[PDB]
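> pasting the sequence and an experimental structure:
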Amino acid sequence: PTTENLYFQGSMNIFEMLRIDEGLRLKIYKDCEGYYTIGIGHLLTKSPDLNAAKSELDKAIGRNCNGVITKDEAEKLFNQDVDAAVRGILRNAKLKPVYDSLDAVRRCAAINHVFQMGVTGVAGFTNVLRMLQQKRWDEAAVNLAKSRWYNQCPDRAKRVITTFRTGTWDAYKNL
Ligand SMILES: C=CCc1ccccc1O
């Protein structure tokens, strides 16, 4: 590692991580499963009706957006969604002990997973939870690679799986 490469971990954090996996879009779009999304991975609704999505949008931003937001508004919604995922882990009796056992980088991958799937989705991975607590990283990653979450949209999930395997930021290098 060069002096610069050793600096790369101090530049990575949950916000930079999710920003890479989710992208940044200032107009309403459909994500890889066809669900209306905006900003940095903010799922607006699962309904096929673009009208619900715009209404959810104006609600979340608090103005008449007509489907378009600013970078600063994107950042704000994103920070709220990150806070919600972390809070969702910490209050949950099953996820909190596993999260507490993890190192800082794998904790970021855990918050990313919850941001993407939701609390009950993640807490259903009974086996992967036990694997992670037992530091069985290879097995946890192979089992996450069996999931619909990863297989229906691999490019959004692949870096998170690699990060559970390694506990480093290497999958976020060299975009
Ligand atoms: C079970 C998969 C990973 C994971 C671990 C701990 C907390 C949340 C989370 O998504």
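Structure received. Numbering: from 1, shown residues only.
> only C-alpha atoms from now on, for both contacts and neighbour counts.
Noted.
> okay, now residue 26: neighbour count?
By other Cα atoms under 10 Å, the residues close to residue 26 number 16.
> host element of it?
Assessed by DSSP states H and E, residue 26 sits inside strand 25-30.
> so what touches that strand?
With Cα atoms under 8 Å, 6 or more residues apart in numbering as the test, strand 25-30 has contacts from 35-40, 67-71, 74.
> over to stretch 40-51?
18-19, 22-25, 35-38, 52-53, 56-57, 74-75, 77-78, 81, 116.
> please spell out which residues along stretch 77-96 are buried.
77-78, 81-82, 84-86, 88-89, 95 (16 or more other Cα atoms under 10 Å).
> so which of the residues you listed are also by the ligand?
89, 95 (Cα under 6 Å from any ligand atom).
> got the buried residues of stretch 77-96 as CSV, with distance to residue 143 and secondary structure columns?
Formatted as CSV, the buried residues of stretch 77-96 follow (distance: Cα to Cα, whole Å; DSSP: H, G, I helix; E, B strand; the rest coil):
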residue, distance to residue 143, secondary structure
77, 31, helix
78, 28, helix
81, 26, helix
82, 25, helix
84, 26, helix
85, 22, helix
86, 23, helix
88, 23, helix
89, 20, helix
95, 17, helix
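> among the buried residues of stretch 77-96, which two are most distant?
77 and 95 (23.9 Å; Cα to Cα).
> which SSE is residue 129 in?
Counting by DSSP H and E, the element that carries residue 129 is helix 126-133.
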